[PDB]
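Chemist: mmCIF, C-alpha atoms, saved as model01.cif, coming up:
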data_input
loop_
_atom_site.group_PDB
_atom_site.id
_atom_site.type_symbol
_atom_site.label_atom_id
_atom_site.label_comp_id
_atom_site.auth_asym_id
_atom_site.auth_seq_id
_atom_site.Cartn_x
_atom_site.Cartn_y
_atom_site.Cartn_z
ATOM 1 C CA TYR B 23 15.524 64.084 132.237
ATOM 2 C CA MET B 24 15.373 61.005 134.547
ATOM 3 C CA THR B 25 16.464 58.922 131.547
ATOM 4 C CA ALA B 26 19.625 56.817 131.611
ATOM 5 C CA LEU B 27 21.536 54.692 129.152
ATOM 6 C CA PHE B 28 22.625 51.125 129.926
ATOM 7 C CA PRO B 29 24.609 48.822 127.657
ATOM 8 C CA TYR B 30 22.721 45.611 127.129
ATOM 9 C CA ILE B 31 25.052 42.740 126.425
ATOM 10 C CA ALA B 32 24.077 39.476 124.740
ATOM 11 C CA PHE B 33 26.195 36.593 126.150
ATOM 12 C CA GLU B 34 26.450 33.012 125.049
ATOM 13 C CA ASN B 35 25.877 32.141 128.728
ATOM 14 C CA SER B 36 25.153 34.959 131.205
ATOM 15 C CA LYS B 37 25.299 32.721 134.309
ATOM 16 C CA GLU B 38 28.933 32.028 133.462
ATOM 17 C CA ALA B 39 29.740 35.616 132.388
ATOM 18 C CA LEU B 40 28.274 36.914 135.644
ATOM 19 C CA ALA B 41 30.475 34.503 137.668
ATOM 20 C CA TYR B 42 33.466 35.817 135.716
ATOM 21 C CA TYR B 43 32.641 39.532 136.232
ATOM 22 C CA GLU B 44 32.028 38.770 139.922
ATOM 23 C CA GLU B 45 35.416 36.982 140.280
ATOM 24 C CA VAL B 46 37.716 39.085 138.067
ATOM 25 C CA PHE B 47 36.119 42.536 137.773
ATOM 26 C CA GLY B 48 34.865 42.442 141.398
ATOM 27 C CA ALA B 49 31.263 42.946 140.131
ATOM 28 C CA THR B 50 28.608 43.435 142.823
ATOM 29 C CA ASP B 51 24.762 43.675 143.113
ATOM 30 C CA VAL B 52 24.273 40.792 140.696
ATOM 31 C CA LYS B 53 20.616 40.016 139.843
ATOM 32 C CA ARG B 54 19.654 37.170 137.533
ATOM 33 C CA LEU B 55 16.303 36.141 136.077
ATOM 34 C CA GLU B 56 16.748 32.483 135.044
ATOM 35 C CA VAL B 57 14.400 30.948 132.450
ATOM 36 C CA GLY B 58 11.544 29.372 134.463
ATOM 37 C CA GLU B 59 11.088 25.572 134.755
ATOM 38 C CA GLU B 60 7.739 25.871 132.855
ATOM 39 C CA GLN B 61 8.974 28.409 130.239
ATOM 40 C CA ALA B 62 11.692 25.989 129.133
ATOM 41 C CA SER B 63 9.604 24.388 126.338
ATOM 42 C CA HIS B 64 8.642 27.857 124.978
ATOM 43 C CA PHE B 65 12.377 28.757 124.518
ATOM 44 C CA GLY B 66 12.918 25.316 122.941
ATOM 45 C CA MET B 67 14.969 23.716 125.736
ATOM 46 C CA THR B 68 14.996 21.047 128.473
ATOM 47 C CA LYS B 69 14.179 21.963 132.111
ATOM 48 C CA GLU B 70 17.891 21.212 132.694
ATOM 49 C CA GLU B 71 19.350 23.855 130.351
ATOM 50 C CA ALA B 72 16.633 26.333 131.426
ATOM 51 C CA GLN B 73 18.285 26.603 134.875
ATOM 52 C CA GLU B 74 21.581 27.493 133.128
ATOM 53 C CA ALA B 75 19.755 30.108 130.991
ATOM 54 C CA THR B 76 19.120 33.804 131.659
ATOM 55 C CA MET B 77 16.202 35.987 130.509
ATOM 56 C CA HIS B 78 17.658 39.146 132.052
ATOM 57 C CA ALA B 79 20.517 40.053 134.308
ATOM 58 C CA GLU B 80 22.345 43.053 135.655
ATOM 59 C CA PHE B 81 25.548 43.671 137.507
ATOM 60 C CA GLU B 82 27.550 46.542 138.810
ATOM 61 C CA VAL B 83 31.213 47.254 138.107
ATOM 62 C CA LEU B 84 32.839 50.342 139.692
ATOM 63 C CA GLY B 85 29.416 51.623 140.683
ATOM 64 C CA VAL B 86 27.966 51.517 137.160
ATOM 65 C CA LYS B 87 25.320 49.157 135.971
ATOM 66 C CA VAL B 88 25.590 46.789 133.024
ATOM 67 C CA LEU B 89 22.612 44.824 131.623
ATOM 68 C CA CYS B 90 22.715 41.438 129.980
ATOM 69 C CA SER B 91 20.805 38.506 128.588
ATOM 70 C CA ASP B 92 21.454 35.189 126.902
ATOM 71 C CA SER B 93 21.879 35.363 123.170
ATOM 72 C CA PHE B 94 19.634 32.312 122.635
ATOM 73 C CA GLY B 95 21.194 32.075 119.148
ATOM 74 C CA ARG B 96 19.623 35.420 117.988
ATOM 75 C CA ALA B 97 22.448 37.886 118.635
ATOM 76 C CA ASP B 98 25.762 38.516 116.844
ATOM 77 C CA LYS B 99 29.087 37.578 118.486
ATOM 78 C CA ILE B 100 30.342 40.265 120.927
ATOM 79 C CA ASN B 101 32.979 42.482 119.270
ATOM 80 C CA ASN B 102 34.658 45.886 119.826
ATOM 81 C CA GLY B 103 32.395 48.030 117.640
ATOM 82 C CA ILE B 104 30.812 49.518 120.788
ATOM 83 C CA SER B 105 33.103 49.783 123.779
ATOM 84 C CA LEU B 106 32.250 50.421 127.396
ATOM 85 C CA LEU B 107 33.804 53.576 128.739
ATOM 86 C CA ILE B 108 33.835 54.229 132.441
ATOM 87 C CA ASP B 109 34.532 57.888 133.172
ATOM 88 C CA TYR B 110 35.412 59.218 136.680
ATOM 89 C CA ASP B 111 36.629 62.397 138.404
ATOM 90 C CA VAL B 112 40.318 61.925 139.400
ATOM 91 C CA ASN B 113 39.456 64.347 142.306
ATOM 92 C CA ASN B 114 36.609 62.152 143.706
ATOM 93 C CA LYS B 115 39.059 60.298 145.959
ATOM 94 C CA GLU B 116 36.629 57.548 146.877
ATOM 95 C CA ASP B 117 36.106 56.512 143.228
ATOM 96 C CA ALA B 118 39.729 57.268 142.171
ATOM 97 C CA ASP B 119 40.718 54.517 144.598
ATOM 98 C CA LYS B 120 38.098 51.949 143.649
ATOM 99 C CA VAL B 121 39.449 52.371 140.093
ATOM 100 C CA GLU B 122 43.131 51.928 141.068
ATOM 101 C CA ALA B 123 42.228 48.829 143.165
ATOM 102 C CA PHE B 124 40.182 47.493 140.241
ATOM 103 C CA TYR B 125 42.985 47.959 137.638
ATOM 104 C CA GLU B 126 45.570 46.447 140.022
ATOM 105 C CA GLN B 127 43.531 43.170 140.194
ATOM 106 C CA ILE B 128 42.787 43.299 136.438
ATOM 107 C CA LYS B 129 46.069 44.218 134.636
ATOM 108 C CA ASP B 130 47.920 40.841 134.846
ATOM 109 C CA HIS B 131 44.893 38.604 134.721
ATOM 110 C CA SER B 132 45.038 35.801 132.151
ATOM 111 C CA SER B 133 41.681 36.518 130.505
ATOM 112 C CA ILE B 134 42.510 40.224 129.955
ATOM 113 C CA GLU B 135 44.176 41.663 126.858
ATOM 114 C CA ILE B 136 45.764 45.036 127.728
ATOM 115 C CA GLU B 137 45.502 47.371 124.747
ATOM 116 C CA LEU B 138 46.690 50.529 126.567
ATOM 117 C CA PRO B 139 48.008 50.198 130.093
ATOM 118 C CA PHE B 140 46.136 52.390 132.652
ATOM 119 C CA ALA B 141 48.423 55.452 133.077
ATOM 120 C CA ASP B 142 48.484 59.259 133.293
ATOM 121 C CA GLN B 143 48.219 60.969 129.905
ATOM 122 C CA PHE B 144 50.393 63.903 128.678
ATOM 123 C CA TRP B 145 47.429 66.275 128.336
ATOM 124 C CA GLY B 146 45.766 65.418 131.699
ATOM 125 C CA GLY B 147 43.886 62.497 133.220
ATOM 126 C CA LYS B 148 44.301 58.756 133.099
ATOM 127 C CA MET B 149 43.330 56.445 130.302
ATOM 128 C CA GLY B 150 43.490 52.657 129.950
ATOM 129 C CA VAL B 151 41.990 50.183 127.516
ATOM 130 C CA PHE B 152 41.522 46.428 127.647
ATOM 131 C CA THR B 153 39.347 43.656 126.259
ATOM 132 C CA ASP B 154 37.938 40.825 128.433
ATOM 133 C CA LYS B 155 37.626 37.148 127.415
ATOM 134 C CA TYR B 156 34.036 37.647 126.239
ATOM 135 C CA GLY B 157 35.359 40.257 123.777
ATOM 136 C CA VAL B 158 34.004 43.295 125.664
ATOM 137 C CA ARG B 159 36.341 46.269 125.174
ATOM 138 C CA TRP B 160 36.612 48.412 128.328
ATOM 139 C CA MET B 161 37.971 51.936 128.496
ATOM 140 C CA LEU B 162 38.914 53.596 131.812
ATOM 141 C CA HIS B 163 38.962 57.390 131.626
ATOM 142 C CA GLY B 164 39.926 59.655 134.576
ATOM 143 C CA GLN B 165 39.278 63.356 134.071
ATOM 144 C CA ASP B 166 40.427 66.402 136.023
ATOM 145 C CA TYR B 167 37.681 69.138 136.055
ATOM 146 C CA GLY X 18 35.291 76.250 151.051
ATOM 147 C CA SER X 19 33.814 73.705 148.619
ATOM 148 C CA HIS X 20 34.646 70.803 146.329
ATOM 149 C CA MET X 21 32.491 69.942 143.354
ATOM 150 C CA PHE X 22 33.167 66.385 142.218
ATOM 151 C CA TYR X 23 31.716 64.284 139.408
ATOM 152 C CA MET X 24 30.001 60.941 139.665
ATOM 153 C CA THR X 25 31.371 57.836 137.924
ATOM 154 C CA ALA X 26 29.446 57.152 134.666
ATOM 155 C CA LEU X 27 29.308 54.499 131.939
ATOM 156 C CA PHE X 28 29.273 55.566 128.300
ATOM 157 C CA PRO X 29 29.061 53.575 125.132
ATOM 158 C CA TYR X 30 31.874 54.420 122.786
ATOM 159 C CA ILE X 31 30.958 53.642 119.198
ATOM 160 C CA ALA X 32 33.513 53.048 116.421
ATOM 161 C CA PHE X 33 32.054 54.432 113.155
ATOM 162 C CA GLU X 34 33.654 54.079 109.734
ATOM 163 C CA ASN X 35 32.762 57.815 109.455
ATOM 164 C CA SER X 36 31.664 59.689 112.641
ATOM 165 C CA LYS X 37 31.009 62.914 110.706
ATOM 166 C CA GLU X 38 28.293 61.375 108.432
ATOM 167 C CA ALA X 39 27.030 59.326 111.410
ATOM 168 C CA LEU X 40 26.729 62.401 113.665
ATOM 169 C CA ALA X 41 24.764 64.245 110.917
ATOM 170 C CA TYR X 42 22.496 61.250 110.608
ATOM 171 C CA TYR X 43 21.781 61.185 114.430
ATOM 172 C CA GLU X 44 21.212 64.928 114.387
ATOM 173 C CA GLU X 45 18.530 64.713 111.713
ATOM 174 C CA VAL X 46 16.896 61.291 112.180
ATOM 175 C CA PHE X 47 17.199 60.929 115.996
ATOM 176 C CA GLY X 48 16.986 64.645 116.988
ATOM 177 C CA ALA X 49 20.433 64.382 118.594
ATOM 178 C CA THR X 50 21.635 67.650 120.229
ATOM 179 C CA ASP X 51 24.798 68.827 122.046
ATOM 180 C CA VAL X 52 27.023 67.520 119.183
ATOM 181 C CA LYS X 53 30.759 68.052 119.810
ATOM 182 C CA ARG X 54 33.257 66.709 117.249
ATOM 183 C CA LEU X 55 37.063 66.763 117.484
ATOM 184 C CA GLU X 56 38.487 66.446 113.983
ATOM 185 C CA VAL X 57 42.042 65.435 113.007
ATOM 186 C CA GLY X 58 44.228 68.600 113.047
ATOM 187 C CA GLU X 59 45.924 69.806 109.864
ATOM 188 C CA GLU X 60 49.337 68.884 111.307
ATOM 189 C CA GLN X 61 48.195 65.563 112.813
ATOM 190 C CA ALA X 62 47.263 64.303 109.308
ATOM 191 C CA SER X 63 50.854 63.012 108.778
ATOM 192 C CA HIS X 64 50.540 60.582 111.756
ATOM 193 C CA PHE X 65 47.249 58.998 110.466
ATOM 194 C CA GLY X 66 48.429 58.421 106.864
ATOM 195 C CA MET X 67 46.120 60.957 105.168
ATOM 196 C CA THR X 68 46.090 64.500 103.585
ATOM 197 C CA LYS X 69 44.544 67.846 104.681
ATOM 198 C CA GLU X 70 41.268 66.946 102.866
ATOM 199 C CA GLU X 71 40.758 63.527 104.532
ATOM 200 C CA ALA X 72 41.682 64.850 108.013
ATOM 201 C CA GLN X 73 38.946 67.526 108.065
ATOM 202 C CA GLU X 74 36.590 64.544 107.244
ATOM 203 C CA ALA X 75 37.978 62.453 110.122
ATOM 204 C CA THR X 76 37.011 62.362 113.801
ATOM 205 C CA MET X 77 39.333 61.667 116.774
ATOM 206 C CA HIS X 78 36.542 61.911 119.338
ATOM 207 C CA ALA X 79 32.874 62.871 119.234
ATOM 208 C CA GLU X 80 29.879 62.999 121.524
ATOM 209 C CA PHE X 81 26.111 63.515 121.102
ATOM 210 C CA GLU X 82 22.906 63.476 123.055
ATOM 211 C CA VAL X 83 19.673 61.553 122.388
ATOM 212 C CA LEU X 84 16.741 61.762 124.782
ATOM 213 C CA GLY X 85 19.129 63.282 127.356
ATOM 214 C CA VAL X 86 21.716 60.522 127.312
ATOM 215 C CA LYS X 87 25.273 60.857 126.040
ATOM 216 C CA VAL X 88 26.755 58.590 123.386
ATOM 217 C CA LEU X 89 30.471 58.861 122.575
ATOM 218 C CA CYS X 90 32.193 57.831 119.396
ATOM 219 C CA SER X 91 35.062 58.139 116.974
ATOM 220 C CA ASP X 92 36.297 56.800 113.640
ATOM 221 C CA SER X 93 37.442 53.202 113.430
ATOM 222 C CA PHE X 94 40.399 53.992 111.205
ATOM 223 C CA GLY X 95 41.625 50.468 110.390
ATOM 224 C CA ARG X 96 41.200 49.239 113.873
ATOM 225 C CA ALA X 97 37.617 48.475 114.997
ATOM 226 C CA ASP X 98 35.220 45.598 114.366
ATOM 227 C CA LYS X 99 32.031 46.304 112.409
ATOM 228 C CA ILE X 100 29.076 47.488 114.496
ATOM 229 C CA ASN X 101 26.684 44.608 115.363
ATOM 230 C CA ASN X 102 23.990 43.871 118.024
ATOM 231 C CA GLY X 103 26.241 42.068 120.560
ATOM 232 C CA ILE X 104 25.889 45.153 122.788
ATOM 233 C CA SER X 105 22.683 47.123 122.336
ATOM 234 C CA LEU X 106 21.916 50.547 123.898
ATOM 235 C CA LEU X 107 19.050 50.680 126.397
ATOM 236 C CA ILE X 108 17.391 53.980 127.297
ATOM 237 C CA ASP X 109 15.437 53.662 130.501
ATOM 238 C CA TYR X 110 12.810 56.175 131.678
ATOM 239 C CA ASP X 111 9.911 56.501 134.168
ATOM 240 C CA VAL X 112 6.406 56.192 132.538
ATOM 241 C CA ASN X 113 5.005 58.284 135.445
ATOM 242 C CA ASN X 114 7.361 61.195 134.675
ATOM 243 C CA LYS X 115 5.049 63.114 132.280
ATOM 244 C CA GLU X 116 7.878 65.306 130.876
ATOM 245 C CA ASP X 117 10.102 62.338 129.960
ATOM 246 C CA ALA X 118 7.379 59.989 128.770
ATOM 247 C CA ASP X 119 6.231 62.639 126.279
ATOM 248 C CA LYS X 120 9.730 63.166 124.852
ATOM 249 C CA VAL X 121 10.223 59.401 124.501
ATOM 250 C CA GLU X 122 6.792 59.123 122.816
ATOM 251 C CA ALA X 123 7.560 61.980 120.386
ATOM 252 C CA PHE X 124 11.043 60.608 119.539
ATOM 253 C CA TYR X 125 9.563 57.198 118.666
ATOM 254 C CA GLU X 126 6.746 58.854 116.736
ATOM 255 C CA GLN X 127 9.311 60.587 114.440
ATOM 256 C CA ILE X 128 11.553 57.496 114.128
ATOM 257 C CA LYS X 129 9.294 54.472 113.301
ATOM 258 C CA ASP X 130 8.525 55.228 109.636
ATOM 259 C CA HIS X 131 11.979 56.430 108.696
ATOM 260 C CA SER X 132 13.480 54.169 106.005
ATOM 261 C CA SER X 133 16.820 53.772 107.887
ATOM 262 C CA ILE X 134 15.124 52.249 110.953
ATOM 263 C CA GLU X 135 14.394 48.535 111.138
ATOM 264 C CA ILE X 136 11.768 47.922 113.901
ATOM 265 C CA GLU X 137 12.246 44.682 115.843
ATOM 266 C CA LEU X 138 9.579 45.215 118.524
ATOM 267 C CA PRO X 139 7.128 48.120 118.070
ATOM 268 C CA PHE X 140 7.210 50.496 121.064
ATOM 269 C CA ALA X 141 4.262 49.209 123.157
ATOM 270 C CA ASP X 142 2.692 48.551 126.525
ATOM 271 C CA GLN X 143 3.990 45.298 128.086
ATOM 272 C CA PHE X 144 1.772 42.745 129.827
ATOM 273 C CA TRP X 145 3.472 43.004 133.293
ATOM 274 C CA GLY X 146 3.739 46.817 133.186
ATOM 275 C CA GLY X 147 5.707 49.593 131.497
ATOM 276 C CA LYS X 148 6.669 49.999 127.853
ATOM 277 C CA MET X 149 9.336 48.518 125.646
ATOM 278 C CA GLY X 150 10.502 48.853 122.024
ATOM 279 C CA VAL X 151 13.575 47.755 120.002
ATOM 280 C CA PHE X 152 14.958 48.851 116.589
ATOM 281 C CA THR X 153 18.164 48.935 114.556
ATOM 282 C CA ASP X 154 19.407 52.151 112.880
ATOM 283 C CA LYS X 155 21.361 52.416 109.605
ATOM 284 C CA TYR X 156 24.781 51.908 111.218
ATOM 285 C CA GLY X 157 23.748 48.605 112.876
ATOM 286 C CA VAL X 158 23.285 49.982 116.403
ATOM 287 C CA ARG X 159 20.422 48.213 118.151
ATOM 288 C CA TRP X 160 18.441 50.556 120.484
ATOM 289 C CA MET X 161 15.992 49.602 123.211
ATOM 290 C CA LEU X 162 13.398 51.955 124.677
ATOM 291 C CA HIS X 163 12.312 50.893 128.104
ATOM 292 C CA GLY X 164 9.704 52.625 130.163
ATOM 293 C CA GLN X 165 9.483 51.494 133.717
ATOM 294 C CA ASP X 166 6.494 51.572 136.106
ATOM 295 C CA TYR X 167 7.354 51.908 139.816
ATOM 296 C CA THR X 168 3.872 50.856 141.036
ATOM 297 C CA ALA X 169 3.773 47.844 143.368
ATOM 298 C CA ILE X 170 1.823 45.231 141.296
ATOM 299 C CA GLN X 171 0.826 44.036 144.853
#
Rewrite the structure from the file as C-alpha cells, please.
Modeler:
Amino acid sequence: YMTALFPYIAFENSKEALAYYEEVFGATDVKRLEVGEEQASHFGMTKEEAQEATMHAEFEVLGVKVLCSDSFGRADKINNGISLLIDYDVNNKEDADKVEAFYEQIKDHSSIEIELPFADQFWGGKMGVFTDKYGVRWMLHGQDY
Amino acid sequence: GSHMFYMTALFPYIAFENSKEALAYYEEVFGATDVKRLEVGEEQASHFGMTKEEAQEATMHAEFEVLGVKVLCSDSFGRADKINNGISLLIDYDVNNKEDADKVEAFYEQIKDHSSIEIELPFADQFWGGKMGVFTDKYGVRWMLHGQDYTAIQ
C-alpha cells in the first residue's frame, strides 16, 4: 500500500487555527487554499469574508500532516470522540528531541488543558494527553521497540 | 552494527461506547484486518467499577486496519464525547498505482449499498483530476476516500 490516513479537521476559522498551531504547536509547512474572490457568492459570502475563509488547508506538527477546512456551518463542533495520537520511537533520537522541545513549549501554555502530563510510564515508554483551545485532544505516545 | 528505528506517525484514536461490537462491525462491513483487542483483565475489573462479565466485554485498547491504514480505539467508559464529524478520516491513495486503486475501488463497491453507510458524496472522478468520495458509518465516523493524480495538468 501507498495509502495513508490523515485526520481532516473542520474549524470555525482555519486561518485563525493555522496561526495558532503555527505559534503554539510550532506547526510548519502550512498551505492554505482561501476561498477565491469570485467563488465568494457561491459559498454565500462577501468578497471580504471570502479572504478570511479556507477551502482546504494542511499543516505539519512534529513531522506529521494534519488536514483542515472551514466548517462553513455544515460540520459538528470539534470534540474528543476522535483524538489525534502521535506515536514515535523513543530510540529515534532526532524525533525524541523534537517531541521533548514541543512538550516543553506546550505544557504551561494558557490555551492547553493538560489531561495527563507527558511522562515515562511504569510499563515502558512515555505518554501524555492534552486538549487544545479548539477542542482537539492530542495524545503523545513514545514507544521502545 | 545496526539500529532499526521507527518513523513518527499520526493515528486517530476513536472512543467507542463499545469497541468490541465496533471492531466486529469494521471487520465485516469494512473488511478490516489485523484486529488486536486488549480487554479489561479479570482482576482489573475492580478498578473500572464492573464485574467479570462486563470486563470481558470491555476494551482498554484496540487497533484495526482498513485499506492498509491503522485506526486505534478504545471504550469511552464515562469519559469521551459522542463521535461526530468534527474530525473526519481521510484515506489518500495514488490513482496511478494499479494495485491500490483496485483495492480502494473494491472496498467502495462493497460498502455503498450497505444499510449502515450514509453516502454524502458518491465516490467519483473530480473535475480537476483524481477521485473523491465521503460517507458516514453507523458509529458516526465520517470517512473520505481521496485518490490523487500526480500528472502535471500543465
Chemist: Calculate, to one decimal in Å, the centre and edge lengths of the box along x, y and z of the file that holds all listed atoms of segment 53-57 of chain B with 8 Å of margin on each side, and present them as AutoDock Vina command-line options.
Modeler:
--center_x 17.5 --center_y 35.5 --center_z 136.1 --size_x 22.2 --size_y 25.1 --size_z 23.4
Chemist: Skip residue 157 of chain B itself and residues of its chain fewer than 5 positions away, then list as number ranges by chain all residues within 10 Å of it, counting only C-alpha atoms.
Modeler: B: 99-102, 105, 133-135, 152; X: 103
Chemist: Can those selected residues be exported to a file as a PDB file, in the coordinates of the input so that it contains C-alpha atoms?
Modeler:
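Once written, part.pdb looks like this:
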ATOM      1  CA  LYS B  99      29.087  37.578 118.486  1.00  0.00           C
ATOM      2  CA  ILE B 100      30.342  40.265 120.927  1.00  0.00           C
ATOM      3  CA  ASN B 101      32.979  42.482 119.270  1.00  0.00           C
ATOM      4  CA  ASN B 102      34.658  45.886 119.826  1.00  0.00           C
ATOM      5  CA  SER B 105      33.103  49.783 123.779  1.00  0.00           C
ATOM      6  CA  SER B 133      41.681  36.518 130.505  1.00  0.00           C
ATOM      7  CA  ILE B 134      42.510  40.224 129.955  1.00  0.00           C
ATOM      8  CA  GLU B 135      44.176  41.663 126.858  1.00  0.00           C
ATOM      9  CA  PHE B 152      41.522  46.428 127.647  1.00  0.00           C
TER      10      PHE B 152
ATOM     11  CA  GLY X 103      26.241  42.068 120.560  1.00  0.00           C
TER      12      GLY X 103
END
Chemist: Carefully work through the PyMOL selection byres ((chain B) within 9 of (chain X)) for this structure and note down the residues it includes, as number ranges by chain.
Modeler: B: 23-33, 84-90, 93, 97-114, 117, 158, 161, 167
Chemist: Restricting the calculation to all atoms listed in the file: of X:145, X:92, X:82, X:69, which residue gets closest to residue 43 of chain X?
Modeler: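 For residue 43 of chain X, the nearest of the candidates is X:82.
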Chemist: Name the residues that the PyMOL selection byres ((chain B and resi 49-62) around 7) picks from the file above, as a ChimeraX atom specification, using the file's chain letters and numbers.
Modeler: /B:43-44,47-48,63-69,72-73,75-83
Chemist: Quote the spacing between atom CA of residue 143 of chain B and atom CA of residue 164 of chain B in Å to one decimal place.
Modeler: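 According to the coordinates, atom CA of residue 143 of chain B and atom CA of residue 164 of chain B are separated by 9.6 Å.
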Chemist: Would you output segment 130-145 of chain B from that structure, restricted to N, CA, C and O atoms, as a CSV table (one decimal), in the first residue's frame?
Modeler:
chain,number,residue,atom,x,y,z
B,130,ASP,N,2.7,24.5,29.8
B,130,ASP,CA,2.2,25.6,30.6
B,130,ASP,C,1.3,26.6,29.9
B,130,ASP,O,0.8,27.5,30.5
B,131,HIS,N,1.2,26.4,28.6
B,131,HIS,CA,0.5,27.4,27.7
B,131,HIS,C,-0.9,27.5,28.1
B,131,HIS,O,-1.6,26.5,28.4
B,132,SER,N,-1.4,28.7,28.1
B,132,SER,CA,-2.8,29.1,28.6
B,132,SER,C,-3.9,28.4,27.9
B,132,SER,O,-5.0,28.2,28.5
B,133,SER,N,-3.7,28.1,26.6
B,133,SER,CA,-4.8,27.5,25.8
B,133,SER,C,-4.9,26.0,25.9
B,133,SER,O,-5.8,25.4,25.3
B,134,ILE,N,-4.0,25.4,26.7
B,134,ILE,CA,-3.8,24.0,26.7
B,134,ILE,C,-4.2,23.4,28.0
B,134,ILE,O,-3.8,23.8,29.1
B,135,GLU,N,-5.1,22.4,28.0
B,135,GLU,CA,-5.6,21.7,29.1
B,135,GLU,C,-4.9,20.4,29.2
B,135,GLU,O,-5.3,19.4,28.5
B,136,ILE,N,-4.0,20.2,30.2
B,136,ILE,CA,-3.2,19.0,30.4
B,136,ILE,C,-4.1,18.0,31.1
B,136,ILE,O,-4.6,18.2,32.2
B,137,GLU,N,-4.3,16.9,30.4
B,137,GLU,CA,-5.1,15.8,31.0
B,137,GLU,C,-4.2,14.7,31.6
B,137,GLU,O,-4.6,14.1,32.6
B,138,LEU,N,-3.1,14.4,31.0
B,138,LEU,CA,-2.1,13.6,31.6
B,138,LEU,C,-0.8,14.2,31.2
B,138,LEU,O,-0.5,14.3,30.0
B,139,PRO,N,0.0,14.6,32.2
B,139,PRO,CA,1.3,15.2,31.9
B,139,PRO,C,2.2,14.2,31.2
B,139,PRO,O,2.3,13.1,31.5
B,140,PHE,N,3.0,14.7,30.2
B,140,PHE,CA,3.9,13.9,29.4
B,140,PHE,C,5.0,13.4,30.3
B,140,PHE,O,5.9,14.1,30.8
B,141,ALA,N,5.0,12.0,30.6
B,141,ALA,CA,6.0,11.4,31.5
B,141,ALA,C,6.2,9.9,31.2
B,141,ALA,O,5.3,9.3,30.6
B,142,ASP,N,7.4,9.4,31.5
B,142,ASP,CA,7.6,7.9,31.5
B,142,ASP,C,6.5,7.1,32.2
B,142,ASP,O,6.0,7.5,33.3
B,143,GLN,N,6.1,6.0,31.6
B,143,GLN,CA,5.1,5.1,32.1
B,143,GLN,C,5.7,3.8,32.7
B,143,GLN,O,6.7,3.3,32.2
B,144,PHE,N,5.1,3.4,33.8
B,144,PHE,CA,5.6,2.2,34.5
B,144,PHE,C,6.0,1.0,33.6
B,144,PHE,O,7.1,0.4,33.7
B,145,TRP,N,5.1,0.7,32.6
B,145,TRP,CA,5.4,-0.4,31.8
B,145,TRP,C,6.4,-0.3,30.6
B,145,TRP,O,6.7,-1.2,29.9
